[PDB]
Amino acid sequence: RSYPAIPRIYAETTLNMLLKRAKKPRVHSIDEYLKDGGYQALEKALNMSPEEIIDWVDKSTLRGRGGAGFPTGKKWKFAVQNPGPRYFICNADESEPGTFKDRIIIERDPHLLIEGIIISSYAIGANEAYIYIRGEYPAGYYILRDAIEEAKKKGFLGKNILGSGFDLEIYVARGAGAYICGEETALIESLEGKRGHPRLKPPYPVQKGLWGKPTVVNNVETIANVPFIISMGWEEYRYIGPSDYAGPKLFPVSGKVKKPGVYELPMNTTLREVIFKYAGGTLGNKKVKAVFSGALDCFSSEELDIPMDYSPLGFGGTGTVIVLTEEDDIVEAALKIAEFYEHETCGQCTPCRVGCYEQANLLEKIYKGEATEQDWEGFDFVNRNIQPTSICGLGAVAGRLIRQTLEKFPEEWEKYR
(Lines of atoms letter the chains of each structure in order from A and count residues from 1; the text may use other names and numbers.)
(Lines give C-alpha, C1' and ligand atoms only; values in the text may rest on other atoms or scores of the structure.)
Protein backbone atom coordinates (compact mmCIF):
# COMPACT_ATOMS: atom_id res chain seq x y z
CA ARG A 1 0.00 0.00 0.00
CA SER A 2 2.86 2.42 0.83
CA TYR A 3 5.45 2.77 -1.94
CA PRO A 4 8.72 4.84 -1.94
CA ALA A 5 8.38 8.58 -2.83
CA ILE A 6 8.43 9.17 -6.66
CA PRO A 7 8.48 12.64 -8.35
CA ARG A 8 5.16 13.63 -9.99
CA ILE A 9 6.30 13.82 -13.63
CA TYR A 10 3.90 15.83 -15.77
CA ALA A 11 2.11 13.77 -18.47
CA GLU A 12 -0.15 14.98 -21.32
CA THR A 13 -1.90 13.19 -24.19
CA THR A 14 -3.73 14.11 -27.42
CA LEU A 15 -4.61 10.41 -28.05
CA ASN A 16 -5.68 9.20 -24.55
CA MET A 17 -4.30 5.70 -25.01
CA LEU A 18 -1.05 4.79 -23.23
CA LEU A 19 -1.69 7.83 -20.96
CA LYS A 20 -5.51 7.44 -20.52
CA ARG A 21 -4.85 6.72 -16.79
CA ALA A 22 -1.06 7.40 -16.53
CA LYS A 23 -1.79 11.12 -17.24
CA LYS A 24 -2.79 11.08 -13.49
CA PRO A 25 0.33 10.70 -11.26
CA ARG A 26 -0.89 7.79 -9.07
CA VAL A 27 -1.11 3.99 -8.96
CA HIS A 28 -4.28 2.80 -10.84
CA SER A 29 -5.11 -0.62 -9.20
CA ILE A 30 -6.96 -3.60 -10.86
CA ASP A 31 -10.51 -2.55 -9.86
CA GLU A 32 -9.94 0.93 -11.33
CA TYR A 33 -8.36 -0.73 -14.42
CA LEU A 34 -11.24 -3.30 -14.94
CA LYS A 35 -13.77 -0.40 -14.62
CA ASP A 36 -12.24 1.10 -17.88
CA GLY A 37 -12.68 -2.25 -19.74
CA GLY A 38 -9.25 -3.45 -18.56
CA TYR A 39 -8.20 -7.09 -19.30
CA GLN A 40 -10.96 -7.37 -21.97
CA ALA A 41 -8.33 -7.40 -24.80
CA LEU A 42 -6.81 -10.40 -22.96
CA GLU A 43 -10.23 -12.18 -22.97
CA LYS A 44 -10.53 -11.45 -26.76
CA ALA A 45 -6.87 -12.59 -27.39
CA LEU A 46 -7.36 -15.94 -25.47
CA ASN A 47 -10.29 -16.72 -27.83
CA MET A 48 -7.99 -16.05 -30.87
CA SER A 49 -5.07 -18.23 -32.10
CA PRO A 50 -1.51 -17.09 -31.01
CA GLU A 51 -0.74 -16.79 -34.80
CA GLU A 52 -3.77 -14.38 -35.36
CA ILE A 53 -2.30 -12.13 -32.60
CA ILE A 54 1.21 -12.14 -34.29
CA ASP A 55 -0.47 -11.27 -37.62
CA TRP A 56 -2.43 -8.35 -36.03
CA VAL A 57 0.73 -6.94 -34.39
CA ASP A 58 2.64 -7.28 -37.71
CA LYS A 59 -0.19 -5.55 -39.72
CA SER A 60 -0.54 -2.80 -37.01
CA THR A 61 3.04 -1.78 -38.05
CA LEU A 62 4.11 -1.54 -34.35
CA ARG A 63 7.92 -1.02 -34.15
CA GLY A 64 10.06 -1.40 -31.02
CA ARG A 65 9.92 1.56 -28.62
CA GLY A 66 13.28 0.79 -27.01
CA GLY A 67 15.25 2.85 -29.56
CA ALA A 68 16.11 0.55 -32.49
CA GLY A 69 12.54 0.50 -33.93
CA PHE A 70 12.48 -3.17 -35.11
CA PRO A 71 9.00 -4.44 -36.36
CA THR A 72 7.47 -6.31 -33.35
CA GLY A 73 5.23 -8.73 -35.29
CA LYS A 74 8.28 -9.68 -37.37
CA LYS A 75 10.42 -10.25 -34.17
CA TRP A 76 7.61 -12.57 -32.82
CA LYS A 77 7.55 -14.48 -36.18
CA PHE A 78 11.31 -15.11 -35.98
CA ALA A 79 11.01 -16.62 -32.45
CA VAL A 80 8.01 -18.88 -33.23
CA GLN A 81 9.81 -20.66 -36.09
CA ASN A 82 12.21 -22.28 -33.49
CA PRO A 83 10.67 -24.84 -31.04
CA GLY A 84 9.77 -24.08 -27.41
CA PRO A 85 9.89 -23.57 -24.40
CA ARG A 86 9.97 -19.85 -25.31
CA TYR A 87 10.58 -16.87 -22.99
CA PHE A 88 9.07 -13.34 -23.07
CA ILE A 89 10.92 -10.40 -21.49
CA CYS A 90 9.82 -6.91 -20.64
CA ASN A 91 12.72 -4.53 -20.94
CA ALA A 92 12.14 -2.07 -18.06
CA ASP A 93 15.80 -1.10 -17.71
CA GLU A 94 15.32 2.58 -18.98
CA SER A 95 18.77 4.09 -18.05
CA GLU A 96 19.15 6.37 -21.19
CA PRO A 97 19.83 10.06 -20.20
CA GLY A 98 16.58 12.05 -20.64
CA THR A 99 14.41 8.90 -21.02
CA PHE A 100 11.70 8.52 -18.36
CA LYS A 101 8.67 7.48 -20.50
CA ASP A 102 8.51 3.76 -19.48
CA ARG A 103 8.43 4.49 -15.72
CA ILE A 104 5.14 6.45 -15.85
CA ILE A 105 3.40 3.42 -17.47
CA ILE A 106 4.84 1.11 -14.80
CA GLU A 107 4.13 3.30 -11.78
CA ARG A 108 0.66 4.56 -12.86
CA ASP A 109 -0.92 1.96 -15.15
CA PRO A 110 0.88 -1.36 -14.28
CA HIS A 111 -2.07 -3.42 -15.49
CA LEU A 112 -1.76 -1.98 -19.04
CA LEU A 113 1.82 -3.40 -19.04
CA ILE A 114 0.83 -6.75 -17.40
CA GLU A 115 -2.03 -7.17 -19.92
CA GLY A 116 0.35 -6.62 -22.88
CA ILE A 117 2.84 -9.15 -21.44
CA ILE A 118 0.11 -11.86 -21.15
CA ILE A 119 -1.16 -11.27 -24.70
CA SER A 120 2.48 -11.21 -25.98
CA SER A 121 3.34 -14.35 -24.03
CA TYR A 122 0.33 -16.20 -25.39
CA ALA A 123 1.29 -15.01 -28.93
CA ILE A 124 4.90 -16.54 -28.88
CA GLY A 125 3.76 -19.44 -26.62
CA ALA A 126 5.87 -18.32 -23.65
CA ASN A 127 4.69 -19.85 -20.37
CA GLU A 128 7.28 -17.91 -18.34
CA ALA A 129 7.74 -14.11 -18.65
CA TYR A 130 10.11 -11.60 -17.05
CA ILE A 131 10.13 -7.90 -16.21
CA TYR A 132 13.70 -6.67 -15.84
CA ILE A 133 13.39 -3.34 -14.08
CA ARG A 134 16.35 -1.06 -13.24
CA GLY A 135 17.45 -0.94 -9.55
CA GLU A 136 16.90 2.84 -9.37
CA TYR A 137 13.11 2.23 -9.89
CA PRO A 138 12.30 0.50 -6.49
CA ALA A 139 8.75 1.93 -6.36
CA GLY A 140 8.03 0.57 -9.87
CA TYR A 141 9.35 -2.79 -8.66
CA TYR A 142 6.86 -2.94 -5.68
CA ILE A 143 4.05 -1.50 -7.83
CA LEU A 144 4.59 -4.35 -10.34
CA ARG A 145 4.86 -7.19 -7.72
CA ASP A 146 1.66 -5.93 -6.04
CA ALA A 147 -0.17 -5.58 -9.41
CA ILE A 148 0.97 -9.05 -10.56
CA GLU A 149 -0.58 -10.45 -7.32
CA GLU A 150 -3.80 -8.55 -8.11
CA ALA A 151 -3.92 -10.14 -11.63
CA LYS A 152 -3.11 -13.64 -10.28
CA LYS A 153 -5.94 -13.12 -7.71
CA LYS A 154 -8.40 -12.21 -10.52
CA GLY A 155 -7.28 -15.31 -12.51
CA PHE A 156 -5.35 -13.51 -15.30
CA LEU A 157 -2.11 -15.33 -14.28
CA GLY A 158 -1.40 -18.91 -13.20
CA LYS A 159 -2.27 -22.24 -14.85
CA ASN A 160 -5.17 -22.41 -17.39
CA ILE A 161 -5.84 -18.63 -17.52
CA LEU A 162 -9.66 -18.05 -17.85
CA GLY A 163 -10.16 -21.68 -19.04
CA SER A 164 -7.99 -21.32 -22.18
CA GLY A 165 -5.31 -23.85 -21.18
CA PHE A 166 -2.61 -21.17 -21.37
CA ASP A 167 -0.24 -21.07 -18.40
CA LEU A 168 1.81 -17.98 -17.38
CA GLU A 169 3.99 -16.75 -14.54
CA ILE A 170 5.52 -13.23 -14.70
CA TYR A 171 8.72 -12.81 -12.65
CA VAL A 172 10.06 -9.35 -11.69
CA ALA A 173 13.84 -8.91 -11.68
CA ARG A 174 15.90 -5.88 -10.53
CA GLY A 175 19.03 -4.39 -12.12
CA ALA A 176 21.71 -2.74 -9.96
CA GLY A 177 23.30 0.31 -11.57
CA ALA A 178 24.33 -1.12 -14.97
CA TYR A 179 23.14 0.80 -18.09
CA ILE A 180 24.49 -2.01 -20.35
CA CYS A 181 21.88 -4.42 -18.78
CA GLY A 182 19.30 -2.64 -20.98
CA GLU A 183 21.07 -4.19 -23.98
CA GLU A 184 18.95 -7.38 -24.50
CA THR A 185 21.77 -10.03 -24.36
CA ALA A 186 23.38 -8.36 -21.26
CA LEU A 187 19.84 -8.23 -19.75
CA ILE A 188 19.44 -12.02 -20.40
CA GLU A 189 22.94 -12.74 -18.81
CA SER A 190 21.85 -10.67 -15.75
CA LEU A 191 18.56 -12.63 -15.57
CA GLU A 192 20.65 -15.82 -15.50
CA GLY A 193 22.44 -14.52 -12.37
CA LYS A 194 25.60 -13.31 -14.10
CA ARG A 195 27.42 -10.09 -15.00
CA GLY A 196 25.68 -7.84 -17.53
CA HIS A 197 27.97 -8.66 -20.49
CA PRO A 198 26.42 -8.50 -24.00
CA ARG A 199 26.82 -11.70 -26.09
CA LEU A 200 27.95 -11.67 -29.75
CA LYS A 201 24.88 -11.26 -32.04
CA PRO A 202 23.98 -13.28 -34.22
CA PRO A 203 22.60 -15.46 -32.57
CA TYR A 204 19.69 -13.06 -31.84
CA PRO A 205 17.68 -13.78 -28.62
CA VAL A 206 14.71 -15.07 -30.71
CA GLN A 207 16.98 -18.00 -31.71
CA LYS A 208 19.06 -18.32 -28.47
CA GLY A 209 18.13 -16.15 -25.47
CA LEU A 210 17.40 -17.09 -21.83
CA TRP A 211 18.80 -20.61 -21.07
CA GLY A 212 19.67 -20.73 -24.78
CA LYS A 213 15.97 -20.88 -25.65
CA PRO A 214 13.93 -18.76 -28.15
CA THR A 215 13.41 -15.46 -26.30
CA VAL A 216 11.52 -12.28 -27.19
CA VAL A 217 12.73 -9.04 -25.61
CA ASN A 218 10.39 -6.00 -25.90
CA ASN A 219 10.39 -2.53 -24.31
CA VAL A 220 7.68 -1.38 -21.75
CA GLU A 221 6.16 1.12 -24.21
CA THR A 222 6.05 -1.47 -27.08
CA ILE A 223 4.16 -4.05 -24.93
CA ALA A 224 1.72 -1.32 -23.66
CA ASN A 225 0.53 -0.89 -27.31
CA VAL A 226 -0.50 -4.62 -27.60
CA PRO A 227 -3.82 -4.38 -25.57
CA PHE A 228 -4.76 -1.42 -27.86
CA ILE A 229 -3.91 -3.38 -31.07
CA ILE A 230 -6.18 -6.32 -29.96
CA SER A 231 -9.05 -4.09 -28.57
CA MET A 232 -9.53 -1.75 -31.58
CA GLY A 233 -8.11 -4.13 -34.23
CA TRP A 234 -5.00 -3.49 -36.34
CA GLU A 235 -6.92 -1.43 -39.04
CA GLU A 236 -8.30 1.15 -36.51
CA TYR A 237 -4.92 1.18 -34.68
CA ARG A 238 -3.24 2.11 -38.03
CA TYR A 239 -5.59 5.23 -38.14
CA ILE A 240 -3.57 6.89 -35.35
CA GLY A 241 -0.88 9.19 -36.82
CA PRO A 242 0.63 8.64 -40.30
CA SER A 243 0.12 5.25 -42.04
CA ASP A 244 3.91 4.60 -42.44
CA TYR A 245 4.69 5.22 -38.70
CA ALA A 246 1.26 4.62 -36.98
CA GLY A 247 0.14 4.32 -33.32
CA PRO A 248 0.64 6.39 -30.15
CA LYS A 249 4.15 7.47 -29.05
CA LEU A 250 5.46 8.76 -25.72
CA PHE A 251 7.96 11.63 -25.89
CA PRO A 252 9.92 12.41 -22.63
CA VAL A 253 10.80 16.12 -22.84
CA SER A 254 13.29 17.80 -20.48
CA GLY A 255 15.87 20.54 -20.14
CA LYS A 256 15.16 24.17 -20.96
CA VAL A 257 11.35 23.90 -21.54
CA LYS A 258 8.48 25.55 -19.57
CA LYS A 259 6.45 22.30 -19.26
CA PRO A 260 8.88 19.29 -18.83
CA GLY A 261 7.21 15.88 -18.95
CA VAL A 262 5.95 12.93 -21.06
CA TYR A 263 3.77 13.74 -24.12
CA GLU A 264 1.60 11.15 -25.92
CA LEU A 265 1.40 12.38 -29.52
CA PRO A 266 1.26 10.88 -33.07
CA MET A 267 4.64 10.37 -34.82
CA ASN A 268 3.68 12.92 -37.56
CA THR A 269 4.41 15.71 -34.92
CA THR A 270 7.51 17.85 -35.58
CA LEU A 271 10.27 18.38 -32.98
CA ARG A 272 9.34 22.16 -33.13
CA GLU A 273 5.67 21.31 -32.18
CA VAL A 274 6.88 19.13 -29.31
CA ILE A 275 8.96 22.01 -27.89
CA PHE A 276 6.72 25.00 -28.58
CA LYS A 277 3.17 23.69 -29.12
CA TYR A 278 3.28 21.01 -26.37
CA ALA A 279 6.12 21.56 -23.86
CA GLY A 280 5.16 25.30 -23.82
CA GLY A 281 8.32 26.58 -25.49
CA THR A 282 11.69 27.41 -23.98
CA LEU A 283 12.23 28.59 -20.37
CA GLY A 284 12.57 32.39 -20.39
CA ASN A 285 11.73 32.36 -24.17
CA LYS A 286 15.49 31.97 -24.94
CA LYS A 287 16.42 30.60 -28.39
CA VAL A 288 17.00 26.80 -28.74
CA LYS A 289 20.76 26.11 -29.22
CA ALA A 290 20.42 22.30 -29.70
CA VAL A 291 18.33 19.26 -28.87
CA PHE A 292 19.95 16.03 -27.51
CA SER A 293 18.10 12.82 -28.55
CA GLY A 294 19.13 11.01 -25.34
CA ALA A 295 22.88 10.21 -25.45
CA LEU A 296 22.52 9.46 -29.20
CA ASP A 297 21.80 12.51 -31.47
CA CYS A 298 22.24 16.32 -31.45
CA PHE A 299 19.91 18.47 -33.52
CA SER A 300 20.72 22.13 -34.13
CA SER A 301 18.00 24.89 -34.16
CA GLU A 302 18.03 24.43 -37.98
CA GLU A 303 16.56 20.89 -37.69
CA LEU A 304 13.39 21.50 -35.57
CA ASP A 305 10.98 20.87 -38.49
CA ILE A 306 11.80 17.11 -38.70
CA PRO A 307 9.06 14.49 -37.92
CA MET A 308 9.18 12.57 -34.61
CA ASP A 309 9.12 9.18 -36.47
CA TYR A 310 11.40 6.22 -37.37
CA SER A 311 12.24 7.67 -40.86
CA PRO A 312 15.93 8.37 -41.91
CA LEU A 313 15.30 12.17 -41.88
CA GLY A 314 13.22 11.70 -38.71
CA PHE A 315 14.11 12.19 -35.04
CA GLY A 316 14.07 8.43 -34.26
CA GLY A 317 15.51 6.90 -31.11
CA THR A 318 13.10 6.72 -28.14
CA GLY A 319 11.79 10.20 -28.90
CA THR A 320 13.77 11.61 -25.93
CA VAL A 321 13.94 15.43 -26.18
CA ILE A 322 16.63 17.30 -24.11
CA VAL A 323 16.37 21.00 -25.02
CA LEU A 324 19.47 23.22 -24.72
CA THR A 325 19.30 27.01 -24.94
CA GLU A 326 21.80 29.74 -26.05
CA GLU A 327 23.50 30.10 -22.58
CA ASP A 328 24.33 26.31 -22.30
CA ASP A 329 27.94 25.41 -23.19
CA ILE A 330 27.90 22.55 -25.81
CA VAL A 331 31.49 21.41 -24.73
CA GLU A 332 30.30 21.28 -21.05
CA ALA A 333 27.27 19.26 -22.33
CA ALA A 334 29.40 16.92 -24.55
CA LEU A 335 31.61 16.25 -21.45
CA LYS A 336 28.51 14.96 -19.55
CA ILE A 337 27.75 12.56 -22.48
CA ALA A 338 31.41 11.40 -22.58
CA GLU A 339 31.28 10.83 -18.77
CA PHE A 340 28.13 8.72 -19.20
CA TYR A 341 29.79 6.36 -21.72
CA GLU A 342 33.01 6.19 -19.68
CA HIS A 343 30.90 5.10 -16.69
CA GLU A 344 28.78 2.57 -18.68
CA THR A 345 31.24 0.59 -20.91
CA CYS A 346 31.29 -3.09 -19.79
CA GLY A 347 34.96 -3.24 -20.94
CA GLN A 348 34.67 -6.49 -22.99
CA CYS A 349 35.84 -4.68 -26.17
CA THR A 350 39.31 -3.02 -25.96
CA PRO A 351 38.50 0.06 -28.20
CA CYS A 352 35.23 0.58 -26.29
CA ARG A 353 36.96 0.05 -22.87
CA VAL A 354 39.87 2.52 -23.61
CA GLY A 355 37.91 4.82 -26.02
CA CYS A 356 35.09 5.55 -23.54
CA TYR A 357 37.59 6.18 -20.71
CA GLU A 358 39.94 8.36 -22.87
CA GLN A 359 37.25 10.49 -24.59
CA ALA A 360 35.94 11.61 -21.13
CA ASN A 361 39.44 11.97 -19.58
CA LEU A 362 40.68 14.11 -22.53
CA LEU A 363 37.46 16.14 -23.06
CA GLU A 364 37.59 17.05 -19.27
CA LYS A 365 41.16 18.35 -19.83
CA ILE A 366 39.82 20.36 -22.82
CA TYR A 367 37.07 21.98 -20.69
CA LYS A 368 39.28 22.67 -17.60
CA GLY A 369 42.10 24.14 -19.82
CA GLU A 370 44.55 21.33 -19.00
CA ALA A 371 44.67 20.16 -22.66
CA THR A 372 47.91 19.88 -24.61
CA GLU A 373 47.99 19.91 -28.46
CA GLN A 374 48.49 16.06 -28.30
CA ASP A 375 45.49 15.67 -25.89
CA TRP A 376 43.44 17.69 -28.45
CA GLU A 377 44.63 15.56 -31.42
CA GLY A 378 44.25 12.34 -29.38
CA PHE A 379 40.70 13.32 -28.30
CA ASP A 380 39.62 13.64 -31.98
CA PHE A 381 41.22 10.24 -32.85
CA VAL A 382 39.78 8.31 -29.84
CA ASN A 383 36.27 9.80 -30.55
CA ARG A 384 36.44 8.21 -34.08
CA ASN A 385 37.72 4.79 -32.83
CA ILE A 386 35.42 3.47 -30.03
CA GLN A 387 33.30 1.39 -32.54
CA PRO A 388 36.05 -1.06 -33.87
CA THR A 389 35.52 -4.74 -32.73
CA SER A 390 32.48 -3.73 -30.51
CA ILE A 391 29.89 -6.52 -30.05
CA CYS A 392 27.14 -4.23 -28.77
CA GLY A 393 25.48 -0.90 -29.72
CA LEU A 394 27.26 0.99 -26.86
CA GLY A 395 30.72 1.03 -28.54
CA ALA A 396 28.98 1.87 -31.85
CA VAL A 397 27.40 5.10 -30.50
CA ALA A 398 29.70 6.35 -27.61
CA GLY A 399 31.25 9.03 -29.94
CA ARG A 400 28.17 9.65 -32.24
CA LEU A 401 26.55 12.66 -30.43
CA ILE A 402 29.99 14.19 -29.52
CA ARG A 403 31.06 13.92 -33.23
CA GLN A 404 27.79 15.67 -34.26
CA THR A 405 28.39 18.66 -31.90
CA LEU A 406 31.92 19.08 -33.41
CA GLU A 407 30.43 19.21 -36.91
CA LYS A 408 27.38 21.35 -36.01
CA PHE A 409 28.96 23.91 -33.53
CA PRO A 410 32.73 24.29 -34.51
CA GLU A 411 32.98 27.88 -33.04
CA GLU A 412 32.27 26.79 -29.37
CA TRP A 413 34.72 23.89 -29.78
CA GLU A 414 37.52 26.07 -31.35
CA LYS A 415 37.30 28.48 -28.34
CA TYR A 416 38.67 25.57 -26.21
CA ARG A 417 41.76 25.34 -28.55
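Numbers for residues come from their place in the sequence shown, where the first is 1.
A.B. asks: Tell me which of 281 to 289 and 157 to 165 has the higher mean C-alpha B-factor in the deposited entry.
C.D. replies: Looking at the record's C-alpha B-factors, the answer is 281 to 289.
A.B. asks: If you average the CA temperature factors as listed in the entry, which stretch comes out higher, 135 to 143 or 343 to 351?
C.D. replies: Taking the mean C-alpha B-factor of 343 to 351 and of 135 to 143, the larger value falls to 343 to 351.
A.B. asks: Determine which member of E94, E189, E326, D109 has the highest CA B-factor, using the values in the deposited entry.
C.D. replies: Answer for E94, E189, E326, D109: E326, with the highest C-alpha B-factor.
A.B. asks: Could you tell me which one of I229, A151, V80, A129 shows the highest CA temperature factor in the PDB record?
C.D. replies: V80 has the highest C-alpha B-factor of those listed.
A.B. asks: For the chain shown, is the CA B-factor of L401 in the lowest, middle or highest third of its modelled residues?
C.D. replies: Middle third by C-alpha B-factor.
A.B. asks: Sorting by Cα B-factor within the chain, modelled residues only, which third would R384 end up in: lowest, middle or highest?
C.D. replies: Highest third - that is where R384 ends up once the chain's C-alpha B-factors are sorted.
A.B. asks: If you rank the chain by CA B-factor, which third does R174 end up in: lowest, middle or highest?
C.D. replies: Bottom third by C-alpha B-factor.
A.B. asks: If you rank the chain by CA B-factor, which third does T270 end up in: lowest, middle or highest?
C.D. replies: For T270, the deposited C-alpha B-factor lands in the middle third.
A.B. asks: Place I30 in the lowest, middle or highest third of its chain's C-alpha B-factors, as listed in the PDB entry.
C.D. replies: Bottom third by C-alpha B-factor.
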